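> Chains as they are written, first to last, in the working numbering: chain Z, 423 to 632; chain S, 168 to 395; chain R, 130 to 225; chain Y, 19 to 71.
By construction, the Cβ of each residue, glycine as well, lies at the ideal position given by its N, Cα and C atoms.
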Amino acid sequence: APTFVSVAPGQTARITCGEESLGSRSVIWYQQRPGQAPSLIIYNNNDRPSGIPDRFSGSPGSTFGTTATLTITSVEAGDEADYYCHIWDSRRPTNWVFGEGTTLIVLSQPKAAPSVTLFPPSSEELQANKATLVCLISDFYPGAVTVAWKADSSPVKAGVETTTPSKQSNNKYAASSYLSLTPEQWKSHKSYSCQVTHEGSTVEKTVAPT
Amino acid sequence: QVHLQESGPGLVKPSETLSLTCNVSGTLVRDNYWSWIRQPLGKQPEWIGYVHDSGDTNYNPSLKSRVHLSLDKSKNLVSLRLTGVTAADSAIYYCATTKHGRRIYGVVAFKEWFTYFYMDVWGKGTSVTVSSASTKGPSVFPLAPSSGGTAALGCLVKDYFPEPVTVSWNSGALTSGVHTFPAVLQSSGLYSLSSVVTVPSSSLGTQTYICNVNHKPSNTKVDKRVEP
Amino acid sequence: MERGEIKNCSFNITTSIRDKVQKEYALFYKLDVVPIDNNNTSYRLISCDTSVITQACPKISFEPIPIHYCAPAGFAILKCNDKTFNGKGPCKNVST
Amino acid sequence: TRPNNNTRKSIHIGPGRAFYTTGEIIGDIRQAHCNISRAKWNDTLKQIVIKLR
Ligand SMILES: *[C@@H]1O[C@H](CO)[C@@H](O[C@@H]2O[C@H](CO)[C@@H](O[C@@H]3O[C@H](CO[C@H]4O[C@H](CO[C@H]5O[C@H](CO)[C@@H](O)[C@H](O)[C@@H]5O)[C@@H](O)[C@H](O[C@H]5O[C@H](CO)[C@@H](O)[C@H](O)[C@@H]5O[C@H]5O[C@H](CO)[C@@H](O)[C@H](O)[C@@H]5O)[C@@H]4O)[C@@H](O)[C@H](O[C@H]4O[C@H](CO)[C@@H](O)[C@H](O)[C@@H]4O[C@H]4O[C@H](CO)[C@@H](O)[C@H](O)[C@@H]4O[C@H]4O[C@H](CO)[C@@H](O)[C@H](O)[C@@H]4O)[C@@H]3O)[C@H](O)[C@H]2NC(C)=O)[C@H](O)[C@H]1NC(C)=O
Ligand SMILES: *[C@@H]1O[C@H](CO)[C@@H](O[C@@H]2O[C@H](CO)[C@@H](O[C@@H]3O[C@H](CO[C@H]4O[C@H](CO[C@H]5O[C@H](CO)[C@@H](O)[C@H](O)[C@@H]5O)[C@@H](O)[C@H](O[C@H]5O[C@H](CO)[C@@H](O)[C@H](O)[C@@H]5O)[C@@H]4O)[C@@H](O)[C@H](O[C@H]4O[C@H](CO)[C@@H](O)[C@H](O)[C@@H]4O[C@H]4O[C@H](CO)[C@@H](O)[C@H](O)[C@@H]4O[C@H]4O[C@H](CO)[C@@H](O)[C@H](O)[C@@H]4O)[C@@H]3O)[C@H](O)[C@H]2NC(C)=O)[C@H](O)[C@H]1NC(C)=O
Ligand SMILES: *[C@@H]1O[C@H](CO)[C@@H](O[C@@H]2O[C@H](CO)[C@@H](O[C@@H]3O[C@H](CO[C@H]4O[C@H](CO[C@H]5O[C@H](CO)[C@@H](O)[C@H](O)[C@@H]5O)[C@@H](O)[C@H](O)[C@@H]4O)[C@@H](O)[C@H](O[C@H]4O[C@H](CO)[C@@H](O)[C@H](O)[C@@H]4O[C@H]4O[C@H](CO)[C@@H](O)[C@H](O)[C@@H]4O)[C@@H]3O)[C@H](O)[C@H]2NC(C)=O)[C@H](O)[C@H]1NC(C)=O
Ligand SMILES: *[C@@H]1O[C@H](CO)[C@@H](O[C@@H]2O[C@H](CO)[C@@H](O[C@@H]3O[C@H](CO[C@H]4O[C@H](CO[C@H]5O[C@H](CO)[C@@H](O)[C@H](O)[C@@H]5O)[C@@H](O)[C@H](O[C@H]5O[C@H](CO)[C@@H](O)[C@H](O)[C@@H]5O[C@H]5O[C@H](CO)[C@@H](O)[C@H](O)[C@@H]5O)[C@@H]4O)[C@@H](O)[C@H](O)[C@@H]3O)[C@H](O)[C@H]2NC(C)=O)[C@H](O)[C@H]1NC(C)=O
Ligand SMILES: *[C@@H]1O[C@H](CO)[C@@H](O[C@@H]2O[C@H](CO)[C@@H](O[C@@H]3O[C@H](CO[C@H]4O[C@H](CO[C@H]5O[C@H](CO)[C@@H](O)[C@H](O)[C@@H]5O[C@H]5O[C@H](CO)[C@@H](O)[C@H](O)[C@@H]5O)[C@@H](O)[C@H](O[C@H]5O[C@H](CO)[C@@H](O)[C@H](O)[C@@H]5O)[C@@H]4O)[C@@H](O)[C@H](O)[C@@H]3O)[C@H](O)[C@H]2NC(C)=O)[C@H](O)[C@H]1NC(C)=O
Ligand SMILES: *[C@@H]1O[C@H](CO)[C@@H](O[C@@H]2O[C@H](CO)[C@@H](O[C@@H]3O[C@H](CO)[C@@H](O)[C@H](O[C@H]4O[C@H](CO)[C@@H](O)[C@H](O)[C@@H]4O)[C@@H]3O)[C@H](O)[C@H]2NC(C)=O)[C@H](O)[C@H]1NC(C)=O
Ligand SMILES: *[C@@H]1O[C@H](CO)[C@@H](O)[C@H](O)[C@H]1NC(C)=O
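(1) Quick one: which unbroken beta strand (DSSP E) runs of 3-plus residues sit fully inside the stretch 314-393 of chain S? Chain order, please.
(2) Taking a contact to mean a Cβ-Cβ separation below 8 angstroms, would you say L230/S touches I215/S in this structure?
(3) Going straight from the alpha carbon of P193/R to that of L207/R, what length do you get?
(4) Who are the neighbours of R513/Z on chain Y, taking C-beta pairs under 8 angstroms?
(5) Helix or strand or just coil, what does DSSP make of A254/S?
(6) Taking the C-alpha atoms as reference points, what is the distance between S335/S and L341/S?
(7) Go to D61/Y, then tell me how far its alpha helix (DSSP H) extends in each direction, as first and last residue.
(8) With DSSP as the reference, please indicate the residues paired to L236/S in a beta bridge.
(9) List the endpoints of the continuous beta strand (DSSP E) containing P164/R.
(10) Closer than 7 angstroms by C-beta to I44/Y: which residues in its own chain qualify, once you throw out the five before and the five after it? Chain order, please.
(11) Where does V629/Z fall in DSSP's three states?
(12) State the DSSP-derived secondary structure class of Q549/Z, mapped to helix, strand or coil.
(13) Under 8 angstroms Cβ to Cβ from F541/Z, same chain only, skipping five residues before and after it: list those, please.
(14) Please decide whether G483/Z counts as near chain Y, where near means a Cβ-Cβ distance under 8 angstroms.
(15) Spatial neighbours of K136/R within its chain, please: C-beta separation below 8 angstroms, excluding the five flanking residues on both sides.
(16) By DSSP, does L492/Z sit in helix, in strand, or in coil?
(17) Which same chain residues end up closer than 6 angstroms to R514/Z when comparing Cβ atoms and leaving out the 5 residues on each side of it in sequence?
(18) Relative to the C-alpha of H51/Y, which candidate in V275/S, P207/S, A300/S has its C-alpha closest?
(19) Using 8 angstroms as the limit for Cβ to Cβ distance, is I450/Z near chain S?
(20) Alpha carbon to alpha carbon, what distance is there between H508/Z and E442/Z?
(21) Between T62/Y and chain R, is the shortest Cβ-Cβ distance under 8 angstroms, so that the two count as touching?
(22) In its own chain, which residues sit with a C-beta less than 6 angstroms from the C-beta of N243/S, not counting the 5 before and 5 after it?
(23) Who are the near neighbours of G432/Z in its chain, counting only those whose CB is closer than 6 angstroms to its CB and skipping five residues on each side?
(24) Do you know how far the Cα of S481/Z is from the Cα of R35/Y?
(25) Comparing the C-beta of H30/Y with each C-beta of chain R, is any distance below 8 angstroms?
(26) Any heavy atom of ligand 3 closer than 7 angstroms to the Cβ of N53/Y?
(27) Assuming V625/Z contacts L529/Z under a Cβ cut-off of 8 angstroms, what Cβ separation, rounded to an integer in Å, is found between them?
(28) Quick check on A185/R - is its C-beta less than 8 angstroms from some C-beta in chain Y?
(29) Quick check on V288/S: does DSSP put it in helix, strand or coil?
(30) At a threshold of 7 angstroms, does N60/Y count as lining ligand 6 (C-beta to nearest heavy atom)?
(31) Using a beta-carbon distance below 8 angstroms, is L160/R in contact with chain Y?
(32) So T585/Z packs on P349/S, CB below 8 angstroms; how close in whole Å?
(33) Excluding five sequence neighbours on each side, which residues of the same chain lie with their C-beta closer than 6 angstroms to the C-beta of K27/Y?
(34) Along chain Y, which residues have their Cβ under 8 angstroms away from the Cβ of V274/S?
(35) Please indicate yes or no: does the CB of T188/S lie closer than 7 angstroms to some heavy atom of ligand 7?
(36) In the stretch 429-453 of chain Z, which residues sit with their C-beta less than 7 angstroms from some C-beta in chain Y, listed in chain order?
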C-alpha cells in the first residue's frame with residue numbers, strides 16, 4: 423500500500439496494515455530505517471523484545487474484522503521509518519511476503535539548505551583523455567532538488583547525470599551529480615558552475631581550470 | 168555479545184545457482200532456527216524458508232522448486248543455494264535467527280493452535296544482481312581539496328558493475344566528516360560514486376590520506392593519496 | 130477432526146417467485162450431507178431423496194419444561210415413597 | 019458448548035417463508051465438546067460397580 427501518515431512530535435500515529443482479520447491472529451511488526459536491516463518491533467501482537475519502549479503497542483490479535491494497528495505514542499525524529507507486518511491468521515494461511523511499507527513521517531522538521539562542494543576533473547583523470555566534474559549535495563530538507571550546470575553563463579545540456587535524493591540516516595537527504603566532459607572542453611571555458619535549488623533558494627559553486 | 172554477517176557473489180548470469188553463506192558468532196548454529204530473507208529495492212521483504220539442525224527444513228511455496236538450504240557444524244553457517252535464477256531474483260538477501268511460539272486459540276487436545284515464527288536479529292545484507300552483462304572494476308581518481316581554517320576533500324570512484332563498492336578513508340582511521348555519496352548508473356550501464364571528507368586548514372604535516380576502495384565482484388583493491 | 134465436517138455448498142433455487150433461479154451458497158455439516166457417484170464437488174442432503182425434511186420454526190423451543198401427569202376423576206395415581214426401590218416388587222411406604 | 023459464533027442467514031424460498039442457515043462464522047473455527055470432572059465421573063463409577071457387583 424502506497425500509504426504514509428504524517429504526524430507531529432508529541433502526537434500519536436495510527437499506522438495500520440494487512441487485510442482484515444478472520445480468526446485469532448498473531449501479527450509481528452518490523453521497522454526499516456533507510457538502508458538498514460529491519461529491526462524487530464513486536465511479538466505476538468503487543469509484547470516486544472529488548473530495546474523497544476512502551477510507546478510501541480499493537481492491536482490485540484483477538485478480534486475479528488479488524489486490521490492490524492500499530493500505535494506510536496508521542497512520536498519523535500528517529501521513529502521515522504518503513505513499517506511492515508508479518509500476519510499470522512488462524513483461518514488464512516501463511517504469509518511469506520510481508521505487509522505494506524507504511525511510511526511514517528513526522529511533521530515538524532527544520533527546513534535545511536544543502537551543502538554543495540564542487541570539484542574539477544583531477545589532474546590524474548585528464549592523463550587518460552577523460553574529464554568528469556562532481557557536485558556533491560549534502561544534508562538538506564526536504565529531499566527534492568533541481569541541479570543546473572552552466573559553462574561560463576551558458577547552460578550545459580549533456581554529460582550531466584544527476585542522482586535521486588536518497589535519504590540520509592538523519593532526517594536530512596543527500597544527492598550527487600556528475601558532469602562528464604572532454605579535457606578540451608574543460609580547459610576551453612574559463613569556468614563551469616553548479617547551480618542547486620533548495621528548493622526555494624538557488625545557490626551555486628564555481629570551479630575554473632588552472 | 169552475539170552477532171553475524173553474510174557473504175555473496177554480487178552478480179550472476181540468468182543460468183546457474185546463487186550460492187550464499189552466513190557467519191555466526193556469539194551463539195551456536197544448532198540451537199537456533201534459521202531463516203533467509205530477500206528484499207528488492209523498494210519492495211517488501213520476502214520470507215524464503217527456514218531450517219534446523221535436524222534437517223527440519225521447509226521453504227516458501229513459490230520458490231520451493233528452486234531454493235535449497237543447509238547448515239554445517241564445522242563451518243557454522245547458513246548455506247543457501249538458489250538455482251535457476253532470474254532478473255526478478257535481483258535483491259538484497261538477509262540472514263536472521265528465528266524464535267518460535269505457540270498460539271493456542273481453542274483446545275490444545277485436537278490441534279486448535281497455530282505455530283508462528285519471528286526473526287529477532289538480522290544480518291547486514293548482501294547485494295545480488297542478475298544481469299547478462301559481465302563485471303568491471305572501478306577507475307579510481309582522487310579529488311582536489313584546495314581551491315582560513317576550514318576545508319574539504321574527496322575521492323572519485325567510477326565505471327563499474329555491479330553495486331556495491333566499499334570505501335574507507337585512510338585504512339579506516341579517519342571517520343569524522345566522511346560522507347560517501349550514493350552511486351549513479353551511467354547510461355552505458357555502469358555505476359559511479361565518490362567519497363568526501365572535511366578536514367580543516369591545519370594539514371601541512373603531510374597528513375597521509377588514502378581512500379581505500381573495494382569492489383569484491385572484480386576482486387580489485389585501489390587506494391589513493393590526495394595532495395594539493 | 131479435519132475431514133471436512135463443516136462444508137460450504139452451492140445450489141440453485143426458485144425464490145418466493147418462479148421468475149428467479151438464484152444461485153445461493155450455504156453451510157452444512159459432514160453428517161447432515163451425503164455425496165453422489167464419484168466424489169466430485171457434489172453432495173446431497175442426508176435424507177432428502179428418501180424423506181421429508183421439515184425446518185422446525187425458530188420461534189418454538191425444545192427446552193425441557195418439567196411435567197406432571199394429573200389423574201382423572203374416579204382414578205388414582207400411587208407412589209412408592211421408599212428410598213431404595215428395586216423397580217419391580219412390593220412397596221411399603223405408599224401414598225396417593 | 020458449540021464454541022462457534024454463528025450468523026443467521028434467511029434465504030427466502032417463499033412465498034411467505036424462508037430457510038435459515040449460518041451465513042458465516044465470526045471468529046475462530048472450533049470443535050464442540052463436553053467437559054466433566056474425571057474424578058467425579060470415575061468416583062461415580064465406583065458407586066456403580068459396588069451396586070453392580
Ligand atoms: C473444557 O476443557 C478444555 C480443556 O481443559 C478447555 O480448553 C481450553 O479452552 C480455553 C478457551 O475456551 C483456552 O484458553 C486459551 O488459552 C490460551 C493459552 O493460555 C495458556 O497459555 C498462555 C501462554 O503460555 C505461555 O506464556 C506464559 C506467560 O504468559 C507462560 O507462563 C507459559 O509457560 C507459556 O510459555 C498463558 O499465559 C495462560 O495463562 C493465563 O491463562 C490462565 C487460564 O488458562 C490463567 O489461569 C493464568 O493466570 C494466565 O492469565 C493471565 O493472562 C490472562 C490473559 O491471557 C489475563 O487475563 C490474566 O489476568 C493473567 O494475567 C495459559 O496458561 C490463551 O492464549 C487464550 O487467551 C488468548 O486468546 C483468546 C483467543 O485466542 C483471546 O480472546 C484472549 O483474550 C487471549 O488473548 C490475549 O493473549 C493473546 C496471546 O497471549 C494475545 O495475542 C491477545 O492480544 C491477548 O493479549 C492481550 O490482552 C491481554 C489481556 O487479556 C493482555 O495481558 C496482553 O498484554 C494483550 O494486551 C485462551 O485463554 C485453553 O487453551 C483451552 N485448553 C486448556 C488446556 O485450557 C475448555 O475451555 C473447557 N470448556 C469449558 C466450557 O469449560
Ligand atoms: C462459501 O463460498 C462462497 C463462494 O465464494 C463465499 O462467498 C463469498 O462470501 C464473502 C462474504 O461472506 C463475499 O464477500 C466479498 O468480500 C470481498 C472483500 O474484498 C476484500 O479483498 C479485496 C481484494 O483483496 C486483495 O488483496 C488481498 C490482500 O490484502 C488478497 O488476499 C486478495 O487475494 C486480493 O489480492 C480488497 O481490495 C478489499 O479491500 C478494499 O477495501 C478496503 C476497505 O475495506 C481498502 O482498505 C482496500 O484498499 C480495498 O479498497 C477487501 O479487503 C469483496 O471484494 C466482495 O464484493 C465487493 O467487490 C465487488 C466487485 O468485485 C463489488 O461489486 C461488491 O459490491 C463489493 O464491493 C463493496 O463491498 C466491499 C465489502 O463487501 C467493499 O470492500 C468494497 O469497497 C465495496 O464497498 C461498496 O459498498 C459499501 C457498502 O457495502 C459502501 O460503503 C462503499 O462506499 C462501496 O460503495 C464481497 O464483499 C464474497 O463476494 C462471496 N463470494 C462469492 C463468489 O459469492 C463464502 O464466503 C464461503 N463461506 C465461508 C463461510 O467462507
Ligand atoms: C479415579 O480417579 C482418581 C482421580 O484422578 C484417580 O486417583 C488419583 O490418582 C492421582 C495420582 O495419579 C492422585 O494425585 C495424587 O494426590 C496425592 C495427594 O493429593 C492431595 O495432595 C496433593 C498435593 O497437595 C499437597 O500440598 C498442599 C499445599 O499446597 C497441602 O495442603 C496438601 O495436604 C498436600 O500436602 C494435591 O495436588 C491433590 O490435589 C490433593 O490435594 C499427591 O501426593 C500426589 O502427588 C505425587 O506423590 C504421590 C506419592 O506421594 C504419587 O503417587 C503421585 O503420582 C504424585 O507423583 C508426582 O511425582 C511424579 C514423579 O515426579 C510425577 O510423575 C507425578 O505426575 C506427580 O507430579 C498426586 O497429586 C489423586 O489424588 C487420586 N485421586 C483419588 C480420588 O484417588 C484414580 O486412579 C482413578 N481410578 C481409575 C480406575 O481410573
Ligand atoms: C445452477 O448451478 C449449476 C452448478 O453450480 C451451474 O452450472 C453451471 O452452468 C453453466 C451454464 O449455465 C456452465 O457453463 C457452461 O459450461 C459448458 C461446459 O460443457 C462441457 O461439458 C459438456 C458435457 O460434459 C462433458 O465434458 C465434461 C468435462 O468436464 C465431462 O465431465 C462430462 O462427463 C462430459 O464428458 C460438453 O458437451 C461441452 O462441449 C465441449 O466439448 C465438446 C466435445 O469436444 C465440443 O464439441 C464442444 O464444442 C465444447 O468444446 C468447446 O466449447 C467450449 C464452450 O465453453 C469451450 O470451453 C471448449 O474449450 C471448446 O472450445 C463441454 O465439454 C460450456 O459448454 C457452456 O458454454 C457454458 O460455459 C458451468 O460450467 C456450470 N458450472 C458452474 C459451477 O457454474 C449453473 O450455472 C447454475 N445456474 C444458475 C441458475 O445460476
Ligand atoms: C470418496 O470417498 C470414499 C470414502 O472416503 C471412498 O470410498 C472408497 O471407495 C473405493 C472404491 O474403489 C473403495 O476402495 C476399495 O479398496 C480396496 C482396498 O482397500 C484396502 O486398502 C486401503 C488403502 O488405504 C491405506 O492407505 C491409506 C493412505 O494411502 C491410509 O490412509 C489407510 O489407512 C490405509 O493404510 C493402511 O494400509 C496400508 C496398506 O494399504 C498400510 O501401509 C498402512 O500402514 C495402513 O495399515 C485401506 O484403507 C482399506 O482398509 C479398509 O479395509 C479394511 C479391511 O481390509 C478395514 O479394516 C478398514 O477399516 C477399511 O475399511 C483396505 O485395506 C480394494 O480392494 C477394492 O477393490 C476397492 O477399490 C473403498 O473401500 C471405499 N472406502 C469406503 C470407506 O467406503 C471413494 O473412493 C472416494 N471416491 C473418490 C472419487 O474420491
Ligand atoms: C414415608 O414417606 C413419607 C413421604 O416421603 C415420609 O414423610 C415425610 O417425612 C419428612 C420428615 O421425615 C417430611 O419432611 C418435612 O417436610 C415438612 C413440610 O412438608 C417440613 O416442614 C419439615 O422441615 C422440618 O425440618 C427442617 C430442617 O431444618 C426445619 O427447618 C423445619 O422447621 C422443620 O422442622 C421436613 O422437611 C416430609 O414432608 C414427609 N412427607 C410427607 C408427604 O408427609 C415418611 O417419613 C415416610 N415414612 C417411613 C416410615 O419411611
Ligand atoms: C567467516 O568467519 C571466518 C572466521 O571465523 C572466516 O574464516 C571466513 O572467511 C568467514 N566467511 C566469510 C564468507 O567471510
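The relevant details are as follows:
(1) 320-327, 333-336, 358-364, 378-382, 387-389
(2) Residue mapping note: residue 230/S aligns to position 63 of the second sequence, counting from 1. Residue mapping note: residue 215/S aligns to position 48 of the second sequence, counting from 1. The answer is yes: Cβ separation under 8 angstroms.
(3) Mapped onto the third sequence, residue 193/R falls at position 64. Mapped onto the third sequence, residue 207/R falls at position 78. Cα to Cα, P193/R sits roughly 24 angstroms from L207/R.
(4) For the purposes of this step, residue 513/Z is identified with residue 91 of the first sequence, where counting begins at 1. Near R513/Z (Cβ distances below 8 angstroms), the residues of chain Y are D46, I47.
(5) Taking the first residue of the second sequence as 1, we reach residue 254/S at position 87. It is helical.
(6) Sequence index remark: in the second sequence, residue 335/S carries index 168 (1-based). Sequence index remark: in the second sequence, residue 341/S carries index 174 (1-based). Whole-angstrom Cα-Cα distance: 8 angstroms.
(7) Within the fourth sequence, residue 61/Y is the residue found at index 43, counting from 1. Per DSSP, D61/Y belongs to the alpha helix (DSSP H) from 56-70.
(8) Position 69 of the second sequence, counting from 1, holds the residue named residue 236/S. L247/S, per the DSSP bridge assignment.
(9) Residue mapping note: residue 164/R aligns to position 35 of the third sequence, counting from 1. First-last of the beta strand (DSSP E) with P164/R: 162-164.
(10) Mapped onto the fourth sequence, residue 44/Y falls at position 26. Cβ within range, chain order: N23, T25.
(11) Translated into positions along the first sequence, residue 629/Z becomes position 207. In the three-state DSSP reduction, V629/Z falls in the strand class (E or B).
(12) The count along the first sequence starts at 1 and reaches residue 549/Z at position 127. In the three-state reduction of the DSSP assignment, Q549/Z falls in the helix class, which pools H, G and I.
(13) Here residue 541/Z refers to the residue found at position 119 of the first sequence. Cβ neighbours of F541/Z beyond the five flanking positions: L555, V556, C557, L558, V629.
(14) On the first sequence, residue 483/Z is found 61 positions in, with the first residue counted as 1. It does not; no Cβ of chain Y falls within 8 angstroms.
(15) Here residue 136/R refers to the residue found at position 7 when the third sequence is read from its first residue. Only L156, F157, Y158, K159, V162, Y172 meet the Cβ criterion.
(16) Taking the first sequence and counting its residues from 1, one reaches residue 492/Z at position 70. Three-state result, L492/Z: strand.
(17) By 1-based counting over the first sequence, the position of residue 514/Z is 92. Excluding positions up to five away in sequence, the list reads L444.
(18) Here residue 51/Y refers to the residue found at position 33 when the fourth sequence is read from its first residue. The option with the nearest alpha carbon to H51/Y is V275/S.
(19) Here residue 450/Z is taken as the residue at index 28 of the first sequence, counted from 1. At least one chain S Cβ lies under 8 angstroms of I450/Z.
(20) For this step, residue 442/Z is matched to residue 20 along the first sequence. For this step, residue 508/Z is matched to residue 86 along the first sequence. Cα to Cα, the separation comes out at about 13 angstroms.
(21) Residue 62/Y sits at position 44 when you count from the first residue of the fourth sequence. Not an interface residue.
(22) Numbered from 1 along the second sequence, position 76 holds the residue referred to as residue 243/S. Within the same chain, and ignoring the five residues on either side of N243/S in sequence, the residues whose Cβ sits closer than 6 angstroms to its Cβ are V191, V196.
(23) Within the first sequence, residue 432/Z is the residue found at index 10, counting from 1. Closer than 6 angstroms at the Cβ level, and outside the excluded window around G432/Z, lie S496.
(24) Stepping through the fourth sequence from its first residue, residue 35/Y is reached at position 17. Stepping through the first sequence from its first residue, residue 481/Z is reached at position 59. Taking the straight line joining both Cα atoms gives about 42 angstroms.
(25) In the fourth sequence, residue 30/Y corresponds to position 12, counting from 1. With 8 angstroms as the cut-off, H30/Y counts as an interface residue toward chain R.
(26) Residue mapping note: residue 53/Y aligns to position 35 of the fourth sequence, counting from 1. No, the beta carbon of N53/Y sits no closer than 7 angstroms to any heavy atom of ligand 3.
(27) Mapped onto the first sequence, residue 625/Z falls at position 203. Mapped onto the first sequence, residue 529/Z falls at position 107. Between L529/Z and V625/Z the Cβ distance is about 26 angstroms, and since that is not below 8 angstroms, they are no contact.
(28) What you label residue 185/R is simply residue 56 of the third sequence in a count that begins at 1. Closer than 8 angstroms: no.
(29) To locate residue 288/S, count along the second sequence from 1; it is residue 121. Looking at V288/S - three-state DSSP - the assignment turns out to be coil, as it is neither helix nor strand.
(30) Counting from one through the fourth sequence, the residue named residue 60/Y turns up at place 42. The answer is no for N60/Y.
(31) Locating residue 160/R in the third sequence gives position 31, counting from the first residue. It does not: the Cβ of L160/R has no partner Cβ on chain Y nearer than 8 angstroms.
(32) Position 163 of the first sequence holds residue 585/Z. Position 182 of the second sequence holds residue 349/S. 6 angstroms between Cβ atoms; contact.
(33) Translated into positions along the fourth sequence, residue 27/Y becomes position 9. Correct list, in chain order: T39, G41.
(34) For this step, residue 274/S is matched to residue 107 along the second sequence. Under the 8 angstroms cutoff, chain Y gives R48, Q49, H51.
(35) As a working mapping, residue 188/S is identified with position 21 in the second sequence. The answer is yes for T188/S.
(36) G445, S446
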